[PDB]
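Visitor: My structure is below; once you've seen it, I'll send some questions.
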Amino acid sequence: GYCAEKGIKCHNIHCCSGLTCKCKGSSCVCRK
């Protein structure tokens, strides 16, 4: 039960508070 931080890519996990698991095209990075 954890979350990814800013810049920490994620496959099926969501970014911690303040960040959101955004994916633009074929990339996946935690963006505000």
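Chains: A, B, ... in order of the structure tokens. Residues: from 1 per chain. Ligands: from 1, in order shown.
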Please identify all polymer residues within 12 Å of residue 27 in chain A, counting only C-alpha atoms, omitting same-chain residues fewer than 6 positions from it, and present them as a CSV table (one decimal) with N, CA and C atoms, in the first residue's frame.
Guide:
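And here is the file that came out, result09.csv:
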chain,number,residue,atom,x,y,z
A,7,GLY,N,7.8,12.4,-10.5
A,7,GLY,CA,8.8,11.9,-11.4
A,7,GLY,C,8.9,10.4,-11.4
A,8,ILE,N,8.3,9.8,-10.3
A,8,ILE,CA,8.3,8.3,-10.2
A,8,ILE,C,7.2,7.7,-11.1
A,9,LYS,N,7.7,7.1,-12.2
A,9,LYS,CA,6.7,6.5,-13.1
A,9,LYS,C,5.9,5.5,-12.4
A,10,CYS,N,4.7,5.2,-13.0
A,10,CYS,CA,3.8,4.2,-12.4
A,10,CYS,C,3.0,3.4,-13.5
A,11,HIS,N,2.9,2.1,-13.3
A,11,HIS,CA,2.2,1.3,-14.2
A,11,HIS,C,0.8,1.1,-13.9
A,21,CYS,N,-1.3,10.4,-11.4
A,21,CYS,CA,-0.7,9.5,-12.4
A,21,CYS,C,-1.1,9.9,-13.8
Visitor: Write out as number ranges by chain each polymer residue whose atoms come within 12 Å of residue 17 in chain A, counting only C-alpha atoms; drop sequence neighbours fewer than 6 positions from it.
Guide: A: 2-6, 30-32
